[PDB]
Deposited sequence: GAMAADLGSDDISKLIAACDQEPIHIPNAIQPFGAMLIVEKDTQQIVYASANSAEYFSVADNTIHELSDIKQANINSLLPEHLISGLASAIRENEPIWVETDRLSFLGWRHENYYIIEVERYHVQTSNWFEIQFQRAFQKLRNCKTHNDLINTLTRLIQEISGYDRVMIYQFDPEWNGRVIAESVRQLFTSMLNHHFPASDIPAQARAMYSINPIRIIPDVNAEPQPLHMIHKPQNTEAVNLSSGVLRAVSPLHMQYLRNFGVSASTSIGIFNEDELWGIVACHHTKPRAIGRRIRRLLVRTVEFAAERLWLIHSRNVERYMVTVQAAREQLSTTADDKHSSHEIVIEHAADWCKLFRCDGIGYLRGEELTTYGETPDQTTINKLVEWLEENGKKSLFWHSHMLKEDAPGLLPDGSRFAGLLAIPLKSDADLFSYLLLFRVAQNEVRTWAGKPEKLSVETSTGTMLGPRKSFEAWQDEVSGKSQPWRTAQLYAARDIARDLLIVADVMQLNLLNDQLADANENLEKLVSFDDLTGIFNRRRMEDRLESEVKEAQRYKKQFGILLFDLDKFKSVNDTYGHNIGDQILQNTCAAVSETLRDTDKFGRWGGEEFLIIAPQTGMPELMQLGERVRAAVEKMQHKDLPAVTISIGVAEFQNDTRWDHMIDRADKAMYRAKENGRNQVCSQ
């Protein structure tokens, strides 16, 4: 647009080489090699006449010698300087000199000066420093800075102007003695300080305009220089002001100004702006006191910001420990317990949902577009199909910010003014600074890096905890399946007692022990009597029901050492360790009587015939089963329901 073109044209004016100065001093430019005064400001006579009573008009300077004009210390100091743009301050009783070396030149600015002897500045320094050290908060620091600067400088209005990333500004603190309207929280456009001017603070942190209506004095050529290109003046204070900005200050109701740049390392963070409603000069000592105060206040402010980051990281670690304590006691469960805390942690509105969120369907459309296209974070990109909501940080392996329309007050409505300057046609300054409002529909707060990494860390721990609940559940269920399939391999489905295999194993180990340690044990091998008659007359279901009954009757009779299992078909085995043949036969009698006398329960009466064997220094368990077996068979021959050895 034509606006953009006009604002860009401001950069054409070379504000560092205006070949003129403000008239609150005088300036000489001297060629180092020839030691010849090559430039003098039109007002040089009225200052250097004090050094040289032969100086009457400007033209007399051409006839003068610099040793007649400069103090001894300034001359030696300029000769000694190898580094460029390092001003040297040297005073007489009536003049105050600031000189520096720039390429081939020495630039010397001189101001009239009165000697003034007191501890005022030292007391100011101690008090300002103590008051800034006492600030614990961004707010307290910036307001303390505004009051300190106003009291030191005496300016009618003092502001803290903070730059945003696009170089627009907001006034964040203010102190206004006389009747002025409050510019507090007013926004200013980037055009108001072009890049070329913001760049000045890096050469000299203070800029002084003691009189917006003072007539600039141009530099006149005295002797001819070997190079006629304009000399850079930006290191001093006397450099002339772009009439655009003189007019800007006029339109602002300001008659004199001073500003100091606020630097975070090499970055211009903002400025301290000082307006006065009548002309006002400030001496070199008040200037130094100002810049030192802003520099001490800035280090303090950055320290305050840095401590805020530490406090926030402590909160993040308290959150990650809280998450860890909850997961051990009880993953969406984890999300529900702490989300009110997390909303503070992440300065977000919505978080399975909590706080302000889209409905499940819109949330799934969100998810889906991310699946189509790490985390993702932005405030109202509008790069998708809208669902109210403007900020989203989504870690799929969701954090929501509602749009927050922000009314901004500007210091004047914009104007597309044109002005004809020397360097071309460019934007003229707005005529009104009256308050004027816009708002940003559809944007959210930007994501701070500290919040970003806290969020990536909370999501990382959550994913791990879901994985651990997972693996623990799968271990519980595979362990349960292994429990069932291991019971099925060892026991018999019907009767729920050791199958043949487990009885062979137990019997084998009882034999090995008894052979190793000379222990005594015996086995009981019994069978159900006339069982086929039960099966054919009553059926297998009734017969199997009898097998279950008989197992229940046998298991209640046995001692804790004995092991009881199903050997084959309707044959069962009992292993009685630490039992001699007498008590062994006794156990066979109690068992035999137990199966006879059990409850019939609408089923036939049942009898078992038991053979018995004793450990007789045997090698293998197979022999013992044979003895108990043929013994059982003699029990079958003498009439069933018997115990035989």
Missing residue ranges, deposited sequence indexing starting at 1
1 to 9, 340 to 341, 363 to 370, 393 to 396, 411 to 416, 427 to 436, 685
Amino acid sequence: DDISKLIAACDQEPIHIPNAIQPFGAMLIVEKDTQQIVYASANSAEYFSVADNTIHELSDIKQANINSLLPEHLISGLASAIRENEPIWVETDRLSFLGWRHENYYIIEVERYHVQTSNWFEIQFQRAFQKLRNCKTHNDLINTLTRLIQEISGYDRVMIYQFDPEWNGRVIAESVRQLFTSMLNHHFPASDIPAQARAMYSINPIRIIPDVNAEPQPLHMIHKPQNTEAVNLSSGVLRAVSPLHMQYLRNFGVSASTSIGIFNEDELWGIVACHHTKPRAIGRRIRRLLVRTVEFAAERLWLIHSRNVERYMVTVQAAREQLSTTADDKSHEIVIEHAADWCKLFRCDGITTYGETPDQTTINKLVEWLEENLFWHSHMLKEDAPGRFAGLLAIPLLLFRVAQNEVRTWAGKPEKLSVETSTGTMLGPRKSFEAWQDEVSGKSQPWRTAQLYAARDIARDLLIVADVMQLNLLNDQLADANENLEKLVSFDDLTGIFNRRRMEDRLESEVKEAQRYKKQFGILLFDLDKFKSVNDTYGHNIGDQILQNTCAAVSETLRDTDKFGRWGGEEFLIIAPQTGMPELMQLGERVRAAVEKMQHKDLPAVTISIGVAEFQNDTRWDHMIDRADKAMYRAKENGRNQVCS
From here on, numbers count along this sequence of modelled residues.
Quick check on the record: does 171 to 179 or 563 to 571 carry the larger mean Cα temperature factor?
563 to 571
For the higher mean C-alpha B factor in the entry, choose 513 to 521 or 195 to 203.
513 to 521
Max C-alpha B-factor within the set 388, 73, 430, 292 falls on 388
Looking at 311, 245, 382, 186, which one carries the largest C-alpha B-factor according to the PDB entry?
382
Sorting the chain's CA B-factors, does residue 124 end up in the lowest, middle or highest third?
lowest
Consider only the C-alpha atoms of the modelled residues in this chain, order them by B-factor as the entry records it, and name the third containing residue 358: lowest, middle or highest.
highest
Sorting the chain's modelled residues by C-alpha B-factor and splitting them into thirds places residue 495 in the highest
Taking the chain's C-alpha temperature factors as the reference, tell me which third residue 16 falls into: lowest, middle or highest.
lowest
Comparing against every modelled residue in the chain, figure out the third that the C-alpha B-factor of residue 377 lands in (lowest, middle or highest).
highest
